[PDB]
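Asker: Structure of the sequence below:
(4 chains, ligands or ions: 2)
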Amino acid sequence: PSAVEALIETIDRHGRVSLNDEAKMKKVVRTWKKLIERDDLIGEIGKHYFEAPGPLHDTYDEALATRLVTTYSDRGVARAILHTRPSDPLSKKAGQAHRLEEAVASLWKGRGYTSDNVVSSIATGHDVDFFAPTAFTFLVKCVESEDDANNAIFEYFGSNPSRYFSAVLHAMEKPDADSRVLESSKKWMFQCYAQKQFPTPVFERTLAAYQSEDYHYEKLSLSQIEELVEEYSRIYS
Amino acid sequence: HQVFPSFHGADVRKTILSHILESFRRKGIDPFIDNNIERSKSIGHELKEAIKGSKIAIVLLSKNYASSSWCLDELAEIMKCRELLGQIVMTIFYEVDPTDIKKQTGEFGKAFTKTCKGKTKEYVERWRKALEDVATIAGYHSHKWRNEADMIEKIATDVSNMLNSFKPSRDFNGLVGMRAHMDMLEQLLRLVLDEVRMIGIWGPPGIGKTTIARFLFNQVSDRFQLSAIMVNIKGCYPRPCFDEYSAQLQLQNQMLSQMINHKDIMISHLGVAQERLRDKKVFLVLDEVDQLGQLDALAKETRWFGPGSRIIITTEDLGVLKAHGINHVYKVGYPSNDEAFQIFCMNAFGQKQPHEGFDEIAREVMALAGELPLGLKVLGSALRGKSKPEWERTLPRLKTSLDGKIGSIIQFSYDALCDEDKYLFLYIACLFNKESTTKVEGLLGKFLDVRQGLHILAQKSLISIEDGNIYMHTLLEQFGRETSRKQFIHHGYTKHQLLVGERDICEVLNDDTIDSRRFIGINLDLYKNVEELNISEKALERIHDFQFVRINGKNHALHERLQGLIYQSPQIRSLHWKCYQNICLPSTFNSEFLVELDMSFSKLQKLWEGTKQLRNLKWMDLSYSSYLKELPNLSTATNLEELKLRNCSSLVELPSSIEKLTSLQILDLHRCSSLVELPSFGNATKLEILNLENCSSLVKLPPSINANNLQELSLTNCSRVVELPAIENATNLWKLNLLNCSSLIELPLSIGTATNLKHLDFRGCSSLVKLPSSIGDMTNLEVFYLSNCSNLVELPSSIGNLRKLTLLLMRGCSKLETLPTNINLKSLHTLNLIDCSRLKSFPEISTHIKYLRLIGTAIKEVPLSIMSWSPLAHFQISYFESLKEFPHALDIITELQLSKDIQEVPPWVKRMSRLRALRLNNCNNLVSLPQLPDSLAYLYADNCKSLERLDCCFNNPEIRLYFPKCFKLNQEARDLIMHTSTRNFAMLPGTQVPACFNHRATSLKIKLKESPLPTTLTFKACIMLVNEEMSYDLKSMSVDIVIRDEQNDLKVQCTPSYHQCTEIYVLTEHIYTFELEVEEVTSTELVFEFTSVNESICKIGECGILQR
Amino acid sequence: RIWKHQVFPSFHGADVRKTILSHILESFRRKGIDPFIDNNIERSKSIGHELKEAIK
Amino acid sequence: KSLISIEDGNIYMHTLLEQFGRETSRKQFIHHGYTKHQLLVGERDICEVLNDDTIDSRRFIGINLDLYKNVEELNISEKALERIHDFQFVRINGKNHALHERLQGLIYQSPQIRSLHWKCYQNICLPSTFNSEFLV
Ligand SMILES: Nc1ncnc2c1ncn2[C@@H]1O[C@H](COP(=O)(O)OP(=O)(O)OP(=O)(O)O)[C@@H](O)[C@H]1O
Ligand SMILES: Nc1ncnc2c1ncn2[C@@H]1O[C@H](COP(=O)(O)OP(=O)(O)O)[C@@H](O)[C@H]1O
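Answerer: Residues are numbered from 1 along each chain as shown, chains lettered A, B, ... in the order given. Ligands and ions are numbered 1, 2, ... in the order given. This is the structure:
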């Protein structure tokens, strides 16, 4: 059968059999690649599910986004977006991938997911993954604002600056890390405490307080603490 | 046992049988043993059991063999097992004629007759039938053989040959993923065609071509009259081959000898193969064919083989297949990552398809092996038998150099290349592993004839061109990098070497065996922190050049002596940096020769600090270089092709000289957040892809483009954009989007010139007053999105000209007032006019609309022409009071939305038929729900105050009764809502599972036992949600169900194994109910487990269910 | 149009197997002809059934 | 592979096996990175190769000399004294009462000397021109 005929038969089957959590968590990636393989499939299938019986949608993409999210785990759809980002932004495949993720982002907005709801879906268990550009950017779309995105990830760490900084410093050691954006997240923490007008040594202890064993991530080190203490020291005196 | 011997002891146990026993013993054959004390008049059960499992039997026949009822019964059982089971029976006619056995005559017949007196009829019949059958079968006539010992030796040899062939390929079934190859190859075969189809198999060396061929021959050859397999033809061929005809003749001779099993005869001429095999089904496998000579030797024409036959040649370069004209080719693909791990663990942990103990270094080694089954096998065999610390100490050596097992096989294929092909291979391995073919041709075009080299390498399967870029397998790339140290590159005769090594180049740079000319390419990867910059001071004084620099800087730390070292080079060709970590480019850097320049992450500000000359430059990529204020004078850059300022974010303005970039094709200022204007481009620019996605500060634009070839023009956010550049011809607008590009005013009239623009968006384009009148000029325009495009008070009447658009989404256009009227759109699927607060007049385009959505409008009228429109799958209107005078509207409606305030409870809804859905937004002042019509599938009350009574027993179908926030519900109404039988959810305001559901609990578990003998049972389930910060707008929930026993472990089935809704509200103090069917009849064993998919959203709290 | 053998000889063994058939069979091998030879029938098989298969 | 044996932290190679190894030193080169090196092992006969004056002596990173033959000074061309050699590993067993002015001038002119063994040095002071920054 043609590519469309096969691809429809596959998606219906996966949503029909209700298979394993990890089996879904894998099969979604294969389906995603088959979608962006050639450009004239997203719209065509998005046209097919639009006409099929069910709830109405404002666009073909929403019709396809709803079908995919319902079929595989919604938390799984998030992983497939993160793991299938092509290199060249101007290629055909990158164009298709953007159509998929934007539809899912708009689909989540219409369901009224909070900032925390998106983050919990994105979450992979490694606290540095959130600051990878392929994940951070997709977060921004789902929340429209970096401050909220930073706030959402800050609260997902239980409002722990120590755990927060450990992640952002570990994101400074990535081959494709955007310094300007990662700085904004690093900066963002500061004016939250500058709005608190905390004393520098207190700010040290405030950071050092979570350095204790009150809470499975990688803790900071005292030397870089002082620089962070030094970093905040003069800027907001 | 091995063999079951049957004989008559009194005749042969002494003379001949002993010799056969001795021969079998010396040949490693262990026949079943018996004793004369171990025999009764009958045979016994254990004797038959021994016979049945012997899997081969030898019936030695003598003169008085028939004179023992014991022996006759043994023979009868032997024949019975031969006919039923696959037992193989061999016969020895010890000086007795087979005809005498057949007709029961002679002395043998006399003994048989004397033995047959007294027996019942069926015994005699079975004895005679067995005797006849054993006389028929082909054995060994002792009389024919001149030499008894030779006959016994021949019998032993035949027994041995027909004993080491029972188990077919029982071993080495531990090879992974062969089913995919078999299925993908069956389509090529199409054995049903009865043709002589040729089939090729090709791929990089070390994928499994030989193994795939062996598996296929093992599986299919039994279906062919005459089948043979030739192995490693390339290796077994004379390398100089001074007489091609003699080697050709001997190759065909080997093929025929192994073909007919015809004992290595000698062949007269080259046409014999046709003479023999043009009239028989033949399956032939030719492995590792290198050049057309072997193909001409073995299979030159289709007509060489009988009607219906398959010949399959496995090669390594496509050119050989193509020359012979095959066109039925399977390009063998790499196995999946899981299959790769299975192969590696098979070869490393001793038949364990999974790992053992640790499962950590295994995946590092696997990833090191790429995906070649050869690489996986070699690494697994190298690592097997060790322990974890031994693995860890062997790992770095394995990583820094590839095993000689892989190296030799790769080297053999590498040596079969032309010299320029070898040079291109080295170039790709060292520098351009993953680059566009066009850039490779542009950079290496004056050396190697890049196009032909790439064509040959792709044919040889030493490289693959996926999409527009080349890719070489990492295992092969490592070989290339290694050979780059023990080999040179020549162009006319100048000797070159490529420097590739992670910080292991620095020693080579600190040398005096130096030329300043040997090295033209550098590929440096600097991920780790620097201990000290290992370059010496003296080498900094050198003037050595490089025509290719590619540095993957990866840290915040800055390299200075490396910079000073590279920029001494007078004529660089291509420059690649990542994380340049410096403010400018040094002034002593010459760029007259510079074809490609990319610094994909940088801290460059106002680089070059003055004008330079850029004669042959064709690619500039300053992406992500956020700390970049402006850009140098691009005058005299006429040959520039593409410029990618991807996400520079501090580019205040663009140089005025952009006018002179005549050859420009691609202009990508994606985020580029600091831009204010965008200067005019010129006349012959012909921009092909113009991307400005989120230029939030971009205000001005050029007045014109000259967009003769403009595939894509994207301005997604671009919030403050007043006007828009005109367009000339737009003959190829593959893509134009302005999603949320607010603060626009108009649209250039030339937009209608785009004859092929299928899709078009303006969602969010607020403050857009009117569409251009030329929109109708567009053709193939299929999709037209407009959403909350307020202040669009018109719609041009030329739309009727379109005649192809399927859907026209026009949502939230709060000021749209009229629509064009005297229009019929021949194919218009939907028309989504929601919340068009001032539409005020029914949209009448007399068409074949199937989905009409008119909610929140202000039409308050329905025309009479609508009966001309026979099908409507969805006609949705917001209820106004004066619908009652439009009886033509009622029967052709689907949905309805009562307003914020409707006291009346409309009985008319009973008459009106198609009510797939009915929605009640707000309506706090509503006495009760209206009596539901027979066709009701959906009921929604998103917010409500009083719904005391629901006076209607409705039982249409799988109906959804959603009541998100309505507490004044009478008990009978509530009970009706729970106890209505449906196949979907039903959701109520409640704070506790109702007592109606007896069996209660709080990955949660529900336990109950059922009172029934044997039936299919039906269950009603009730679920609350864990108290969380549920969003008021949360609108999505799916639930999975698992039912299982504890007396047994039978995971039973459950017909509605899931319930999903994309519109149900998710809230805390609410009751969700649904229904289940179970059919398996493990009586007193019921355990339920309801899970909420998306635990990040909803988690199941309390739970309680009921039976029926 | 598929045959496993080119020529199948039929004869009486007691008379011509030794004297003349031998020469004819030898002559055929010298002319690139592969006639069916009953002596090459695999052991442990029914001659009556197997021989009929070779005829067709 | 049973080509060497480690007894008490010291490696041991069999006499015949070592003798085979020494012969192949002349016929085989050593590649570390992109460079190429060879070794000089001989009782006294391998010294005229230093007087060849026609081949690149940079590919000589190891010297193993045994001078338990004569107190006579070994013969080197004055031009070979001009060339500076990059000798990283030096093992000289200069067992005699002789002093080797020529050998000292030839070796201690090396810029970087990784390891230096000299048995029976038979001199008074190490020459001042001997660089020792690299000396393990
Ligand atoms: N099952 C058997 N195993 C071994 N030899 C056998 C068997 N049956 C018969 N023979 C041998 O065959 C010989 C008789 O051959 P005969 O003259 O019947 O050949 P034929 O029937 O004329 O052959 P064809 O039918 O091919 O012309 C006997 O001497 C006997 O030794
Ligand atoms: N599907 C498989 N499962 C297990 N082992 C395999 C598989 N395919 C190949 N191998 C192993 O990898 C090696 C690759 O050899 P192969 O690729 O068959 O030679 P060639 O490159 O000449 O075809 C073989 O030794 C084989 O044992």
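
Asker: and the residue of chain A found nearest chain B, what does it touch?
Answerer: Here the residue of chain A nearest chain B is residue A:112; by Cβ to the nearest Cβ that distance is 2.7 Å. Heads up, the C-betas are built off the backbone N, CA and C, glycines and all. Residue A:112 makes contacts with B:1031, B:1032, B:1033, B:1034, B:1035, as judged by Cβ atoms under 8 Å, 6 or more residues apart in numbering or on different chains.

Asker: do that again at 7 Å, thanks
Answerer: B:1031, B:1033, B:1034, B:1035 (Cβ atoms under 7 Å, 6 or more residues apart in numbering or on different chains).

Asker: Can you select the buried ones from these in PyMOL?
Answerer: Those of the contacts of residue A:112 that count as buried under 16 or more other Cβ atoms under 10 Å in any protein chain shown are selected in PyMOL with:
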select buried, chain B and resi 1031+1034+1035
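
Asker: Can you tell me which of the contacts of residue A:112 end up in strands?
Answerer: In strands, judged by DSSP state E, none of the contacts of residue A:112 are found.

Asker: Name the nearest residue to the residue in chain A that ligand 1 sits nearest to, ignoring sequence neighbours.
Answerer: Nearest to ligand 1, among the residues of chain A, is residue A:1, at 55.2 Å (Cβ to the nearest ligand atom). Among residues not flanking residue A:1 along the chain, residue A:9 sits closest, at 7.6 Å (Cβ to Cβ, 6 or more residues apart in numbering or on different chains).

Asker: Now name the helix or strand holding the one you found.
Answerer: For residue A:9, the host element (DSSP states H and E) is helix A:3-17.

Asker: if we can go back for a sec, count of neighbours near the residue nearest to residue A:1?
Answerer: For residue A:9, the neighbour count with other Cβ atoms under 10 Å in any protein chain shown is 10.

Asker: How many residues are close by residue 56?
Answerer: You didn't pick a chain, so chain A it is. Neighbours of residue A:56 under the rule other Cβ under 10 Å: 17.

Asker: wait, chain C
Answerer: By the measure other Cβ under 10 Å, the count of residues near residue C:56 is 7.

Asker: buried sites along the helix or strand encompassing residue C:14?
Answerer: Assessed by DSSP H and E, residue C:14 sits inside helix C:13-16. Going by neighbour count (16+ other Cβ under 10 Å), nothing in helix C:13-16 comes out as buried.

Asker: which is the next helix or strand following it?
Answerer: Scanning onward from helix C:13-16 (DSSP H and E), the first element met is helix C:20-29.

Asker: ok, whichever helix or strand comes after that next one near chain B or not?
Answerer: Using DSSP H and E, the helix or strand that follows helix C:20-29 in sequence is helix C:47-55. Yes. With Cβ under 7 Å from any Cβ of the partner chain as the criterion, chain B is reached by helix C:47-55 at C:47, C:48.

Asker: re earlier: could I get the contacts of residue A:112 in TSV, plus columns for distance to residue B:506?
Answerer: Shown next, in TSV, are the contacts of residue A:112 (distance: Cβ to Cβ, whole Å):
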residue	distance to residue B:506
B:1031	58
B:1033	60
B:1034	59
B:1035	61
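
Asker: tell me which of the contacts of residue A:112 is nearest to chain A?
Answerer: residue B:1033 (2.7 Å).

Asker: what packs against the helix ranked longest in chain A?
Answerer: Of all the segments of type helix in chain A, defined by DSSP state H, the longest one is helix A:92-110. Applying 3 or more Cβ pairs under 7 Å, 6 or more residues apart in numbering or on different chains; DSSP states H and E, one finds that helix A:92-110 makes contact with helix A:42-51, helix A:60-71, helix A:74-83, helix A:133-143.

Asker: Name the stretch among those helices that sits most buried.
Answerer: helix A:60-71 (a mean of 23; mean count of other Cβ atoms under 10 Å in any protein chain shown).

Asker: Find the closest residue to chain D in chain C.
Answerer: Counting by Cβ to the nearest Cβ, chain C gets nearest chain D through residue C:42, at 51.0 Å.

Asker: now that residue, nearest residue through space, not along the chain?
Answerer: Per Cβ to Cβ, 6+ apart, closest to residue C:42 is residue B:138, 7.1 Å.

Asker: same deal with residue B:598?
Answerer: Using Cβ to Cβ, 6+ apart, the nearest residue to residue B:598 is residue B:621, at 3.6 Å.

Asker: my guess is the one you found meets residue B:596, correct?
Answerer: No. Contact criterion Cβ atoms under 7 Å: residue B:621 and residue B:596 do not qualify, at 8.1 Å.

Asker: Can I get stretch A:96-109 in PDB, CA atoms only?
Answerer: Extracted C-alpha coordinates of stretch A:96-109, given in PDB (Å, rounded to 0.1, in the frame of the first residue of the first chain):
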ATOM      1  CA  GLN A  96       7.700  19.300   9.000                       C
ATOM      2  CA  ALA A  97       9.000  18.900  12.500                       C
ATOM      3  CA  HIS A  98       8.000  22.400  13.400                       C
ATOM      4  CA  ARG A  99       4.500  21.900  12.200                       C
ATOM      5  CA  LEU A 100       4.200  18.900  14.500                       C
ATOM      6  CA  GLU A 101       5.500  20.500  17.600                       C
ATOM      7  CA  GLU A 102       3.600  23.700  17.200                       C
ATOM      8  CA  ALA A 103       0.400  21.800  16.700                       C
ATOM      9  CA  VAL A 104       1.100  19.900  19.900                       C
ATOM     10  CA  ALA A 105       2.000  23.100  21.700                       C
ATOM     11  CA  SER A 106      -1.300  24.700  20.600                       C
ATOM     12  CA  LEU A 107      -3.100  21.500  21.500                       C
ATOM     13  CA  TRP A 108      -1.800  21.700  25.000                       C
ATOM     14  CA  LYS A 109      -2.700  25.400  25.400                       C
END
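
Asker: Could you check the angle the helix or strand following the helix holding residue A:9 makes with helix A:60-71?
Answerer: Once helix A:3-17 ends, the next helix or strand along the chain (criterion: DSSP H and E) is helix A:21-35. Computed with axes from the mean of the first three to the mean of the last three Cα atoms, to 10 degrees, the direction of helix A:21-35 lies at 160 degrees from that of helix A:60-71.

Asker: in helix A:21-35, what counts as buried?
Answerer: By neighbour count on 16+ other Cβ under 10 Å, the buried set for helix A:21-35 is A:24, A:27, A:28, A:29, A:31, A:32, A:35.

Asker: That helix packs against which elements?
Answerer: Going by 3+ Cβ pairs under 7 Å, 6+ apart, helix A:21-35 lies up against helix A:3-17, helix A:74-83.

Asker: In JSON lines: those, plus distance to ligand 2.
Answerer: Shown next, in JSON lines, are the helices and strands packed on helix A:21-35 (distance: least, Cβ to the nearest ligand atom, whole Å):
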{"stretch": "helix A:3-17", "distance to ligand 2": "25"}
{"stretch": "helix A:74-83", "distance to ligand 2": "26"}
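
Asker: Any chance of JSON lines for these, columns distance to residue B:850?
Answerer: Below are those laid out as JSON lines (distance: least, Cβ to Cβ, whole Å):
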{"stretch": "helix A:3-17", "distance to residue B:850": "20"}
{"stretch": "helix A:74-83", "distance to residue B:850": "29"}
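
Asker: just to revisit the earlier point, what sits against the residue nearest to residue B:598?
Answerer: B:598, B:600, B:644.

Asker: For residue A:128, state which of the residues you listed is nearest.
Answerer: residue B:600 (21.3 Å; Cβ to Cβ).

Asker: Distance of that closest one relative to residue B:439?
Answerer: According to Cβ to Cβ, to the nearest Å, residue B:600 and residue B:439 sit 15 Å apart.

Asker: what separates the residue nearest to residue B:568 when sequence neighbours are not counted from chain D, distance-wise?
Answerer: Computed as Cβ to Cβ, 6+ apart, the closest residue to residue B:568 that is not its neighbour in sequence is residue B:543, at 5.5 Å. Distance, residue B:543 to chain D, using Cβ to the nearest Cβ, to the nearest Å: 19 Å.

Asker: Okay then, goodbye and thanks.
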